[PDB]
């Protein structure tokens, strides 16, 4: 009965790792992970934003089914559906020691008794940030302007209980917790770790070591003001790209610390490791005041975080399982976050519930070097109103064809991705019969999603996002 470790990076772009082609950043640990496992070049997140993507991946269900369509606003009634089951829920029922450390972002806050929390979601141990980003209260509530100091996480909960201000930056705070929990394991029970790193989401916080690696990529202003709090960046000169790269290398190091602990404890050959990201990056294209001075890369792919174009949804993914998988295999088979649930059911020898719809397919055939026969197209969504450039709402991927649907059920884009990698040759009005086939397939999938039985069972309905 194999252990499972799912390592989730935050806003990590498709081109943000050396093994995915980044020409500057040093990511030795994740690069080695890819060499020892299977790396996917055509893997997608279920959504181009944190909350629906994470909900999708943990449930095996298109996020709209689970009640999460985009951001989760403070004080409102948006959370993961009460009757939803996560990988953790199912593995607990198989007799697993379950734990999560880091970003949760599946409810409106840790103090909400009317909403599922980490334990309800199947994690028997948790060090959790319920929010979408790291806060340091000592920087937020500081009186002077400008504010100087590196960001140290406040407001996290260990097993539902308040914690002191961290004495490590977020990545180390997460990884030390993971290593400690593994150090203090009671028995020989199989474990499931969900290591949800907050890197590379704003606010970036990196130790000097990683910062020094990219001093060429810092602006003169950054060098004069390296500790400048991001809350004070709106009216300041550009910082360059080095702080972003530093943060990537810091993440890499903390991933390495988790992987080194698995190997040291004698569990390499018994542990399934999945490394992925929840959505495409924040690039140089900042849309919000909390998005400044970042430098995510998409390997040329169109769009970024928020967007249903490739660079918003295509993300790194690597799977390793001791010596049981082909080492250093690279797969270009189209796969996505919703596939993990059936994959792990098969790999870990548990049955999926049959009282609910799952959207994904087992990837075991891909790992076994066989064809993947996919019955359904890949389906993506985001419900993000009030954007300066209006977002689209749905995307469907079927073979080489990809259709993007606007916030009014109208096809806005149609691409053949094999002849148009960068989504610059819109085929709407040019391919009438492919248009009708793809639109028909969209309506059938949308209808199935909107009429989801499990969502009906909890007295819920698809609710359009009306909030910001």
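Positions refer to the first chain, counted from 1.
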Segment of higher mean CA temperature factor, 334-342 or 70-78: 70-78
Per the entry, higher mean C-alpha B factor between 360-368 and 279-287: 360-368
Identity of residue with top Cα B-factor, from 311, 242, 207, 231: 207
Peak C-alpha temperature factor (PDB record), options 251, 378, 295, 100: 100
Assigned third (lowest, middle, highest) for the C-alpha B factor of residue 9: lowest
Residue 457, C-alpha B-factor rank within chain (lowest, middle or highest third): highest
CA B-factor ranking of residue 235, expressed as a third of its chain: middle
For residue 145, the third of its chain into which the C-alpha B factor falls: highest
CA B-factor placement of residue 307, once the chain's modelled residues are sorted into thirds: lowest
